[PDB]
Amino acid sequence: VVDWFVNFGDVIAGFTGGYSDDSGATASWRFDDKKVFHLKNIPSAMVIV
Amino acid sequence: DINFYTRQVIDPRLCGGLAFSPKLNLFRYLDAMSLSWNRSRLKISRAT
């Protein structure tokens with residue numbers, strides 16, 4: 001028990017020396033575009049994208 | 001004396017149209033503004 005306590009104490013005391021880590025960034029696109037176009041002067045003709 | 005029966009298709013390549021084609025009056029309809037629910041989707045995704 002005393003060995004466990006002293007090990008815990010020395011570990012929890014020895015942390016301040018270093019403090020740093022990494023990072024990351026993402027770039028994402030989502031497309032859900034359902035577009036409609038009319039053949040102008042011919043409304044019957046039409047195109048869906 | 002002739003007596004027989006036949007049944008024929010309406011050759012939809014040539015005929016079979018000549019109707020309203022319910023695609024239209026609905027495709028030119030709200031399909032754009034209804035799609036514009038991307039606003040609401042972005043709103044919910046922001047808090048998601």
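Could you please find all residues in chain B being charged (D, E, K, R) and closer than 18 Å to A:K34 by Cβ?
Within chain B, B:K23, B:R28, B:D31, B:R39, B:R41 qualify.
Can you name the residue in region B:27-48 that is of a type in the set (A, V, I, L, M) and loosely packed, with under 10 Cβ neighbours inside 10 Å and, of all such residues, is nearest to the other protein chains (Cβ to nearest Cβ)?
Checking each candidate, the answer is B:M33.
Considering every residue within region A:20-30, establish whether at least one is in contact with a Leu (Cβ under 7 Å, 6 or more places away or on another chain), of a type outside the set (F, W, Y) and within 14 Å of chain B (Cβ to nearest Cβ).
Checked region A:20-30: no residue is in contact with a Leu (Cβ under 7 Å, 6 or more places away or on another chain), of a type outside the set (F, W, Y) and within 14 Å of chain B (Cβ to nearest Cβ).
B:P22 passes all but one of (1) surrounded by 10 or more Cβ atoms within 10 Å (Cβ to Cβ); (2) within 14 Å of chain A (Cβ to nearest Cβ); (3) not hydroxyl-bearing (S, T, Y); which number fails?
Looking at each condition in turn, B:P22 falls short on (1).
What number of residues within region A:31-49 satisfy the criterion of being part of a strand (DSSP E or B) and either under 30 Å from B:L42 (Cβ atoms) or among the hydroxyl-bearing types (S, T, Y) (or both)?
Selection size over region A:31-49: 7.
A:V36 is checked against (1) farther than 23 Å from B:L26 by Cα; (2) within 14 Å of another protein chain (Cβ to nearest Cβ); (3) surrounded by 10 or more Cβ atoms within 10 Å (Cβ to Cβ) and fails just one. What number does that condition carry?
Failing condition for A:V36: (1).
If we scan region A:10-30, do we find a residue that is within 19 Å of B:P22 (Cα to Cα), without any contact (Cβ under 8 Å) to a residue 24 or more places away in the chain and in a loop (DSSP other than H, G, I, E, B)?
Checking region A:10-30: not a single residue is within 19 Å of B:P22 (Cα to Cα), without any contact (Cβ under 8 Å) to a residue 24 or more places away in the chain and in a loop (DSSP other than H, G, I, E, B).
Laboratory data are not the source of any read-out in this text; all were calculated from the coordinates shown. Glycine also receives a Cβ, built like all others from the backbone with ideal geometry; neighbour counts cover every protein chain displayed.
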